[PDB]
Every structure is written in C-alpha cells, then in structure tokens.
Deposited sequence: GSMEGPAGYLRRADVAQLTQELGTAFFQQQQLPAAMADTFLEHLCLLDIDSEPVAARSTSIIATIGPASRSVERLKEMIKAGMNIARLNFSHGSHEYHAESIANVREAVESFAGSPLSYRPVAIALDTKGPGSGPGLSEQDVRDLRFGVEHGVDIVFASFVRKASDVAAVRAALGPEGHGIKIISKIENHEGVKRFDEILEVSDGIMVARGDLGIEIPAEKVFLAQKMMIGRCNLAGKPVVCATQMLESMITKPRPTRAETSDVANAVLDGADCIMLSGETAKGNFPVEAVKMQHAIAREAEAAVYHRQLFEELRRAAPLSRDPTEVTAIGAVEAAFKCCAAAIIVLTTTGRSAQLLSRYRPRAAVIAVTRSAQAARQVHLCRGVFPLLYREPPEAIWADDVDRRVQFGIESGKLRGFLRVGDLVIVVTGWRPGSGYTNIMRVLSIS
C-alpha cells in the first residue's frame, strides 16, 4: 500500500517518459504540501474571521499590495493577520506561523521612488518579514531597497520582482544580491511578448533552483476564480506546472484580494500543489541538483547534502533541523528532498520567513529552556518529533534524519543523525 501512494511507481521509473506513463490519478498524495501559498490581502480577505479560514485553508504568506491603500489601511490588515494567526497559539504543537510581505508600488516613470522609501520605512516599523520589490531592473535597485530598510531592517528578506525585459537580461546580477525572485507575470506579459513569458518563468525558476534561492510564481494562476467557484482547465494546469517547474511559492492576487471565492482559491492551490509535488521526478531532479551544486568546504552545506542523501536511502519521513536564521533549513531545501524539512527555531521571524523555501515546515519553539545546552538541543529535537506525530508527518517506526551543530549560535551546523521514531 505504501509503494502505491504518492506516485511511487512513477518515482521509481528509469526514464522521464516512463515516469509520465506511470502517473496515476488513483495514487493519493500522502506528504504534507511543500509549496507555500501567498495570498494577497484585500477587501475580500481582510476580516479576522475570513483570515482564520484562509490560514486553515493553507495560506502561509500574507501579501500587502502597497500600490493601493493608505498606511492606516495596511496597518489594520497587519493587525488582523496577527490576530487571526495568534488565535491558534493555544496549541503549540500545531501552531502555524504566517509571514507578512510588503509588495512595493514601484519606481513608476523614475530608481527608488519617494513613496517606496516611506512604505519601506513603514514595513520596518511594523515588523514585516519580506519585501517583494517591484520592477527590479538591476543590482543597484536591490541595494537601494536594502538601504531604505536601514539597520533595523537588516533581517528582512528582499524578493526581487522581474517584470520587464531588462530584469530578465540582468537576472544573474539581480539574483546574486537578492534573497529570492518573483516571476511577476502580469507586467512581464505586457513588457515582453505574451508567448515568451513561459520561457522567462522556466529559466528563472531553473536558475533560482540552481542558486538555492526561493522563487515565486505569480499572477492570474486561478484568475477565473475571482467570479467563479471553480477554475478553468488551463488554470489548474498552470498551478501544477509552476510546482513541476520548481517554484518554491505560488501566489494569489485578485483571487483573494477582491474575488468572491478567496478561501476556495487557497484550497484549490493547496489541492493542486500536493498532487504536483508527488508527480515530481525526484530520481532525475536530485541527480541533477546534486551534480550542479558546487563543491564546498562549508560544514552546513556539506551536512545538508549528506542528510538529503541519507533521507532518500531510508525513505525518511522527515529531516528535523535546528536553525536560528533559517539557513540550515534552506540548504536542505535546495536539494529538494521528498522528506519534509521540519525546522525547529526560537526566532518567530525566521519561522515566518522559511515559508519561502519549498518543503520547510517551521515550528516555533516555546518550551522552557534546559540548563545544559546538549539537553536543550535534544528537547528541541523531541519537540520536532512530537509536533511531527501530531501533524501526521511521523509515526512510530519511521526513520528521521536529525541535523544539529556542535556549539550554540548560527553558522555551526555540522552533524547528521539517523533516528528511529519512538
């Protein structure tokens, strides 16, 4: 029964053609949904009660579109998101962190506009986790956004939106200085021929996967759901193909901001992403990512590849990793393990931000500390196991890979352990 589920016959295929031939509509997905969902907050999704339903449906990142609405409007949206998120904090083993992303208005006819400087300052003051920087055309645009965030915004992730020909042509220099990328297909589809957008999307996703940096696919993914309860056949195909392409996140704009079915749009992206993740041909994907990732003398990078290899060898249900900044979890995610990456962190901001990385499930640790550091580490690993059992990731008898470091503080991950559950 285990080997009939989650497209495992198609996963064992010797060629990509045979993998396609073995895909089975009756093979049910079992793993938790790996690709994060970004939902744009607006009149249709602003209330606390509506936001609770969207969190339950699968929303991981709330997007604030600063092209419309005042600072007062956006501050109320942020407060409503935080109220809905904290309503589930009473059960720490099941609590789900939700990131808040600020999407800038952009440069308009201008570099960094004066409104963007004020909006970025608002973001830092309100503790946003991510900035989706509009119309990034070159590396100096990213440096300007970074400078506008100041010393208090050092920890905010900058995701550069590629929306025109120049952004595509200067992609490598933009990715180098960015934390990640958004394929902003709306403007991209007007700036370059509509029939070429799929080439830009596939190229950018491939380069972000190679760099190990998050990539978001955005705009018109389930467009018809703004007025209709069910999407078109092209829309479900688009969501599935963005996941198969290698996107870390998928996005909803008008579908959740102003449409009549915001919760249903989130549920639809969740249902498609789960099916598409099981249909990923891991045999070729892992081989290619492993071959292309450069040789490294960084112990976190070395431990990450060893852990992902070990996970595939034993069909590990999960890789439990301790992380301060999210970096150790991101380096595991870049190798696209089938095993869920359960990231145990004390940082509420890192817990929200790791939603940008495919297959990272953040757990915010709030248990009393242990006097002995080695005992504190072990208690965090047991917390990952207990949350994993409650959420359906793990069962007694499963094997897990545990990734830790040799001393406290960020940057010292160097250990991988094989553990039997219970």
Stretches of the deposited sequence lacking C-alpha coordinates, in sequence order, are 1 to 24, 135
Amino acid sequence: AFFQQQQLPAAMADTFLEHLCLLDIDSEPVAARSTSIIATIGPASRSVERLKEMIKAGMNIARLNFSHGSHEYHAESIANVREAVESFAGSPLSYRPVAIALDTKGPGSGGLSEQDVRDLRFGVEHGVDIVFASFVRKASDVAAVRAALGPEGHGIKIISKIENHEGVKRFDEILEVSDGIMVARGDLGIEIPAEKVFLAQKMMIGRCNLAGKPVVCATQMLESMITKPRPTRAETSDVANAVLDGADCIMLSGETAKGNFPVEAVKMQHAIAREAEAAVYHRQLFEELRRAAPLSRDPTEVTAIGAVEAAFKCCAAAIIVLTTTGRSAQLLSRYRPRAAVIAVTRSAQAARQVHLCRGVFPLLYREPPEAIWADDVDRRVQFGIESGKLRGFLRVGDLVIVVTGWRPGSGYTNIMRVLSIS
From here on, numbers count along this sequence of modelled residues.
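The term rigid core refers to the maximal set of C-alpha atoms that superpose within 1.5 Å between the two forms.
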Of 85 to 93 and 179 to 187, the one with the larger RMS C-alpha deviation from the shown form in 8 other deposited structures of this protein, core-superposed, is 85 to 93
RMS over structures and residues, CA atoms, rigid core fit in 8 other deposited structures of this protein: 367 to 375 vs 384 to 392, larger is 367 to 375
Going by the entry, of stretches 70 to 78 and 292 to 300 the one with greater average Cα B-factor is 70 to 78
The stretch carrying the higher mean Cα B factor in the deposited entry, 16 to 24 or 395 to 403, is 395 to 403
Per the deposited B-factor column, the C-alpha that peaks among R366, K56, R358, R380 belongs to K56
Top Cα B-factor in this entry, restricted to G306, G246, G127, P214, sits on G127
The third of the chain into which the C-alpha temperature factor of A234 falls is the lowest
The third of the chain into which the C-alpha temperature factor of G186 falls is the middle
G206: CA temperature factor from the record, placed by chain third, in the lowest
Entry-reported C-alpha B-factor of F198 relative to its chain, by third, is lowest
Of the three thirds of the chain ranked by Cα temperature factor, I415 occupies the lowest
